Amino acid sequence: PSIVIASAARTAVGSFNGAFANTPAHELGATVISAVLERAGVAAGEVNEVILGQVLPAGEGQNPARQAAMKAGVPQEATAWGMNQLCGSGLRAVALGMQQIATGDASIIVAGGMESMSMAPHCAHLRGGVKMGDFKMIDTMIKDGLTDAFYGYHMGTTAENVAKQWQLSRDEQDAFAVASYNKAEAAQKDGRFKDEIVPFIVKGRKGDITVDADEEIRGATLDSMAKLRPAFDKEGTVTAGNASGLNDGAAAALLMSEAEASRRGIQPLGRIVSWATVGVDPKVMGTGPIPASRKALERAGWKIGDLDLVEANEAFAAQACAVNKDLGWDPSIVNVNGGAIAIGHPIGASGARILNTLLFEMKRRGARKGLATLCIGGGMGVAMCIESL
């Protein structure tokens, strides 16, 4: 069978404790679900299932994916569930939703990801009681999202391991960072994000605020990156500038068979040709996209040179430089409008975020063969190949 992406939308990537500081994840997910239905002309009463990836759902209630679907207008007859493959969750939900229609068990799937790292609460197991002494209040964002459970240190330390393993100097990593900021700043000015971004209405008590611009996009220079202190180790290279930040947002895509799009007169953004996921050593989780993209290309029967456009998520400057240096694809086609270093890294939603950036990127310049991939904590990677119709 053939599965296409009829429409795709995403909210503007918000800053940590920024515009979406007090906005739950499912409310951001409800906006993109309603948006992909409007952009494709499909009614809510036709969605079979909603698949939204989310890593930090603590305190939001029973199944925020169902809450997002019901709030967006999807009726009670449909189903919904959340998945967690860390950073590659947003892209795997699209592949999982692709398999739902592939196995003949569904006809229309709204799949994507949503994440609100600002609303992540602090937790502590208190059922057994604390008879005496102090106890830690654990940050769910850091513990369940940003710390490798096998070695105990942050994901930035795994980037330091990649930097030591590939011999990536502080100047070479900062040079890759400023390139991402310069490509993202030009894209926001030229309006290359307006098609992907659906405006979100932050309902506040002191009036309403419309968010329709990635607020983590700033202007960095090569000298403003050499003054940043290392954020993870006292003798390291990864700083707050050459590393992706903590962000909120949501993204989704409307999936359907290739015959259904022709029946509805829908012109899909692209067709899902192949997907893949492979694991690596958690010490060097940043090398995840290397065998994942090659396995995706191997299943699609495509060479690396056949690709016309690449979206490789920039979790860190060290991991992004190695993947580009190793795969050897033309860096002029990788993250043409910037990357997660300049846009943001909403863990649950970043998988579908770079998919939105890629799908509209293939349409805007006439690219035919695209590829999106991300690195995953704990030593994993996911990749998907998209062809234009």
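Residue numbers run from 1 along the displayed sequence.
*Output the stretch having the higher mean C-alpha B factor in the entry; the candidates are 58 to 66 and 37 to 45.*
Here the higher of the two C-alpha B-factor means belongs to 37 to 45.
*Do the C-alpha atoms of 95 to 103 or of 126 to 134 have the higher average B factor in the entry?*
Between 95 to 103 and 126 to 134, it is 126 to 134 that shows the higher mean C-alpha B-factor.
*Go through 200, 193, 150, 81 one by one and give the residue whose Cα B-factor in the PDB entry is largest.*
Answer, based on the entry's C-alpha B-factors: 193.
_Which of 113, 241, 279, 121 ranks first by CA B-factor in the deposited coordinates_ = Out of 113, 241, 279, 121, the record gives the largest C-alpha B-factor to 241.
*Would the CA B-factor of residue 73 place it in the lowest, middle or highest third of its chain?*
Within its chain, residue 73 is a highest-third residue by C-alpha B-factor, going by the deposited values.
*asked:* What third of the chain does residue 356 rank in for C-alpha temperature factor, lowest, middle or highest?
replied: Its C-alpha B-factor, which the entry lists for residue 356, ranks in the lowest third among residues of this chain.
*Among all modelled residues of this chain, ranked by Cα B factor, put residue 248 in the bottom, middle or top third, i.e. lowest, middle or highest.*
As the PDB entry reports it, the C-alpha B-factor of residue 248 lands in the lowest third of its chain.
*Give the position of residue 301 by CA B-factor within its chain, expressed as the lowest, middle or highest third.*
Middle third of the chain for residue 301's C-alpha B-factor.
*Which third of the chain holds residue 343 when residues are ordered by C-alpha B factor: lowest, middle or highest?*
For residue 343, the deposited C-alpha B-factor lands in the middle third.
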